[PDB]
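This report refers to the structure that appears directly beneath it.
See the structure below:
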């Protein structure tokens, strides 16, 4: 239905002319106001006077509503400004009153079809938005990390394909969630074959937002085309508010359409008539009408032929002088500038007014013609579609010259795309200059109605999803968005295809069988199934035909991540075999289904035979048939051969742009099947195409800045690439013979990615080795060619190079690489067969860089595997022992609801309750080992003596849970039994030792007591000694556990009195050495099988391949939801999670996954009106909302009140799921039926790398799956990286090996041992080293420790070489006495305080950094905070910005402040405390742990600097007072008073108040009449007053002092419950320190003071004595 009225039939053509619509401007008064808006949004609208009419209807909805919007308009009508208003509304949302909200809070995405429209958009939007802090950046680079660092900016624009891939692989999920606004330009591309790529994007985003509730605004910008209301409801827009449609009467410049259909006599004679029509239309428009036109062609060279043809035809007929502008002004600029400046020579024939333009031209030459066409210098301008997109350069008339292009995808010529012709004609008509624009198209007669209908709103937009349905479905299944048949049909409900199958289903072959189904439900089911079945047959998916459940396999993940056809993957898995060579691999490439339409033609048959004879890799698979052609085309691309054929150039371009993804997909396939040879080959083939060089040519070709002169010189030499390295500019040029190239090439090899690797072998067993790979970088960074990161592959091979025993990505970070210490480490585990191979292999290969591999052998000739493991003790099938086997009613009363004993308890009952031998019972967690320790106690308490028993758990959280259960049940037992737990301060828990019969203590708490065992007699008095969770001796702070157990055996071997030791542990691998280390006889060692569980554990293992940590956790939320809803649907489940911050993050993840399933409050089995009492009293508001919907979490930062609430709800069945962190796994008293472990890694700030969960923790976590099902078995799933799978699966199905690490901590272990004088010589070290567990494990597993002679000879030498190494480390630390003449060695005075306050030695050694006499108070502030103990504080990611804002708000700054360092965090948080600065909850939990460890650390450096003649220790005493009261060194002492706001401190000081002293005695209703006035001013309620009055007399010291080799006398007096300061967790009473000393130039005394204490201490001198506290500021008396 064309309005066009003119049809003139000619000899050769059929002209069809259409008048422009010219009257639809005054139906409505649509005139808009001036750019006056909310004044923040006026900046991008600079040149625009007022909004243009098309933006009128858009503004009320674009700027003041959030619905999705579709706007159909002409090309230049100004759609971009409407998209601007939607962006201006988005910054108006993320807006403060001052404005410019956190740039990390929201991000916008703009999808445009071609790469030219996006580059001009980052210019147009970049410069308009540059006033705001926002940065617009294009999404370029095929480096995965370039797409990661570019996405760290605010507004990104990109193509539909790239942004799809970004989400398909989900490596950046943490940032795609920040997206709130997405604008898709030219959305009518849905009709194109790339339409599905948009349908995949809109669907998943709108699908999730309609599920997760998190809204994401979408703005559609289309063309004026029919069924626009279909893509409208597809984009989910309200037709009442956000749908706009505009006739051709809204173009800024009217467009006349001149259609010209050539005679259908198809030949090159039809090209001749096309060329003539263009020549006549040139004489008509530029020669007669005074116009400058631009002719659109579709070949980068047909622009050349067309330009010359028109001027050559104008040379004939003598018509050139009609086109020219004969003035000398334009003749000067056009001739001299253009012909001589540019390098592109074919346009040196431009001085005739003509002009050329295409992609294959110098970017500065394409801006010249661009700028000449603007001033009116070139008249005619032939060009390709490259400038139709993305440059505002209009012309009066435009000519689409020719209409069919060659798509190499279809291997056949096909007509123009709708998106190209509408963008071209948009360039027709200057809006302000021309009255109209003439758009002329020339085509064939048969294809006339196609183009006429296109420009008159008749071409329908259909959905091409069906042609990419199977692939796009695989994409959602890989992402976890479709997990069954229902989630698939619910997904289809959001595509453009579904909304088009509801309109005229006969178009989409929808069978008449689907007549009764509402909303095409059963059709989508029939559709998802038939597509998913294709995914199952090719092995890309796991699909159950009955249950409908579908899960994505590793194969399909490769397909989704690399945009590979389901057809091409089916042929990759079949045809790849581990013995493939380079020939047979190219064959697989040619078999790709993406090329199935590319033919071989007889026209190019002559040139193909030329290429096959030059390509080096033989093509023997075929003769000249399509698969041999695609083959020789790839090699022709690598070889950089010249192709005269234009049809081949189109095909080779297509084969090459696809060859990147294809070859990478083949590489990852080989890598996951584990074929080392083919995998290493495929990756090199990747570099062969992406760097376009055969591996034999010069590696210098990879440097774009290397001149071909050097490359052409290097490639005529024979010097190996090895010899280019480690050279200077003089020798570099020498090796090449080009001295001018020396500095140039030497800098190039200087930046070549090049690393040096090392390895350490530790055998855990005879079947598995632990390898510590140390990678050091040996090159110079350069951001231009390296970017910010460099990626590497780590490979591990047999001695045959056949099998891949380990593979993982290694990524270098710039900041970490170019640091002073740049040694990166990585630990992994590989198996090993007993007939050992000679050597393994390890390589580190650059992901992109060619010829960058550092291969290392791993020799096994010197390795010594551990001793074989003996069978577990038999689980004897015995008569269940009754509770009456104990010979007392009250002993059997401890088990009231018990009739028998457990299979393990009955078997161990003999050795425990009837025998005083040492015994070691080792059984899996939860088997009830705790009662085995009760047997030893009950036997012991039937005795005569007091017999102090000592129980020890590895962590304080375990002795607390232990104390609670034994203090309530075992107090009433044979008279009065005192059950006490130690505290940590020695003076008060050593009397608890004498007051108690059973003493609970952690390994360090008993350490400080048992050190002075000769001095304290109650240490030997002990007769029972229990060591619970003893296997933790190889754990965090596990060596101190090894020491105390080894010392108790030394206590009972020196003192002859008997002393029994019992030990509890999980199922061990080597129970001989732990049992003999405890002196338990053979029959007294019970090491039960790990399968001996009262409730069998059904374990599942899900493996993942996702290198991004935060992406991995969100990817695991849904399988956790599936794990709980399916495995334990009616029973409690506990979810474990690596970080404490990650507990809330994965709590909402599970909850959003719940309402995704239309079931919120899924895990809430109690009416919310019952837990309403509880939500209020929850401290963390995130935990309340979580608990309100039935999911609770638990982490170390949680308050003790919150935890007790979570315990109440979890145990009373209120909530069903408990998301715990991994730090509270011991403290967790909870029990579940299903225990899922999310991930096995956590981040450590010291290592700057993620570290694996210890095997102990996975054992402890799964030990909470104890509630059985009806089949009497508990379940647990273990989600881990696919690399870690065989590691945890081994050491969960087999017993746990335990090895000591005491050998690596002997400096800190000798500090505590030499201070007590227990070890005084090198022989004293060796004799001491024998009582430990590491000594017993040396001859067993020598290679793990460093022993090479497993004889009694080498045993004594590895000990001597170690104790000599350790003693020297304590001597170079200047903490130990002499050596090397007497084997004796004494402790330095500074070593005593190192053990008193128990601070590490590396911290103690570095404390000599404050050696300066009278060092600053600011100096000690950064010396204290730079301690090893503060390096254990965790470091979260998004916290690095907040540390900066607290830093600048603080007086004392540090030199060269390290940003990521935990030493800086402790430096800034310790000052955030002095200033009482509020901090977020997780950063405040860090503040606590810093404060717990600093008081002992400040009291240390006081005594350190007092040991020398320096007097700076005075400031440390002042600073010790600063931490307790949270003040600065020079602050108002009034701030100690409660509720003394800084505004209250000033109004007090305005009243002449200096200190609290002259303040309290001043303010009374007796002596100051201002007491009634000062109460109105301070604003303090009567209650807060009483708080201050009780503070001054009982919490602020009153009475003063008087004083009467040197020797002095001191008299003290008082007027002292405890020190009360509400800004510190754990307090101590005030200590007062006495030091003599004069200012301009000693003895120090420390003692607690009570009522009336008398103490004594010590040319001509008149000295001066000080008396300062450690808890209160202000009282410091100093007489001279």
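In the deposited numbering, the protein residues as written are 479 to 2082, 2094 to 2104, 2112 to 2137, 2141 to 2157, 2164 to 2185. C-beta atoms are modelled at their ideal positions from N, C-alpha and C, and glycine is treated no differently.
- In this structure, residue 1816 keeps its C-beta atom at 7 Å or more from the C-beta atom of residue 1840.
- Counting along the chain, residue 1613 sits inside the beta strand (DSSP E) bounded by residues 1611-1615.
- Here the C-alpha atom of residue 1759 lies approximately 15 Å from the C-alpha atom of residue 1595.
- Closest option to residue 1247, judged by alpha-carbon separation, among 1306, 1272, 1235 and 1222: 1306.
- DSSP places residue 1245 in the coil class of the three-state scheme, outside both helix and strand.
- Spanning the alpha carbons of residue 603 and residue 692 requires a straight line of approximately 26 Å.
- Cα atoms of residue 1316 and residue 1278: separation of roughly 10 Å, rounded to the nearest angstrom.
- In the three-state scheme derived from DSSP, where H, G and I count as helix and E and B as strand, residue 1061 is classed as helix.
- In the structure shown, residue 550 adopts extended strand secondary structure according to DSSP, grouped into three states.
- Nearest neighbour of residue 728 by Cα position, chosen from 541, 508 and 1910, turns out to be 508.
- Secondary structure at residue 2129: strand, using DSSP grouped into helix, strand and coil.
- At the C-beta level, residue 1233 and residue 1332 come within 7 Å of one another.
- Fully contained in the stretch 616-703 are the following alpha helix (DSSP H) runs of length 4 or more, in chain order: 624-628, 638-647, 651-654 and 673-690.
- Close CB contacts of residue 1974 within its chain, under the 6 Å cut and outside five residues either way in sequence, are with 1875 (chain order).
- Taking all protein chains in view, the Cβ of residue 1200 is surrounded by fewer than 16 other Cβ atoms within 10 Å, so the residue is classified as exposed.
- Excluding sequence positions up to five before and after residue 500, its CB lies within less than 8 Å of the CB of 727 and 732, all in the same chain and listed in chain order.
- For residue 1733 against residue 1605, the beta-carbon gap comes to about 23 Å, at or over 8 Å, which does not count as contact.
- A direct Cα-Cα distance of roughly 5 Å separates residue 813 from residue 829.
- Around the CB of residue 2051, fewer than 16 other CB atoms lie within 10 Å, so the residue is classed as exposed.
- The stretch 887-923 contains, as complete alpha helix (DSSP H) runs of 4+ residues, the segments 896-903 (chain order).
- Under the three-state reduction of DSSP, residue 1874 is assigned to helix.
- Collapsing the DSSP output to three states places residue 966 in a helix.
- When beta bridges are read from the DSSP output, residue 1730 appears opposite 1719.
- Under the 8 Å Cβ criterion, the stretch 632-646 does not count as touching the stretch 546-564, having fewer than three qualifying pairs.
- In the three-state scheme derived from DSSP, where H, G and I count as helix and E and B as strand, residue 1896 is classed as helix.
- Setting aside the 5 residues that flank it on each side, residue 1224 is surrounded in the same chain by 1205, 1206, 1207 and 1210, each with a C-beta closer than 7 Å to its C-beta; the list follows chain order.
- Across the set 1685, 989, 521 and 772, the C-alpha of 772 shows the shortest separation from the C-alpha of residue 874.
- Per DSSP, residue 1038 is one residue of the alpha helix (DSSP H) stretching across 1032-1040.
- Comparing alpha-carbon positions, the option among 1412, 1424 and 742 lying closest to residue 1440 turns out to be 1412.
- Residue 1368 and residue 1397 have their alpha carbons spaced roughly 25 Å apart.
- Distance from the CA atom of residue 1454 to the CA atom of residue 1474, rounded to whole angstroms, is 10 Å.
- Assignment of residue 1698 by DSSP, reduced to helix, strand and coil, places it in the strand class.
- If you draw a straight line from the Cα of residue 1363 to the Cα of residue 1353, it comes to about 20 Å.
- Residue 1401 holds the alpha-carbon nearest to the alpha-carbon of residue 1383 among 1851, 1395 and 1401.
- A Cβ-Cβ contact shorter than 7 Å links residue 2034 with residue 2012.
- One Cα belongs to residue 1470, the other to residue 1527, and the distance between them is close to 22 Å.
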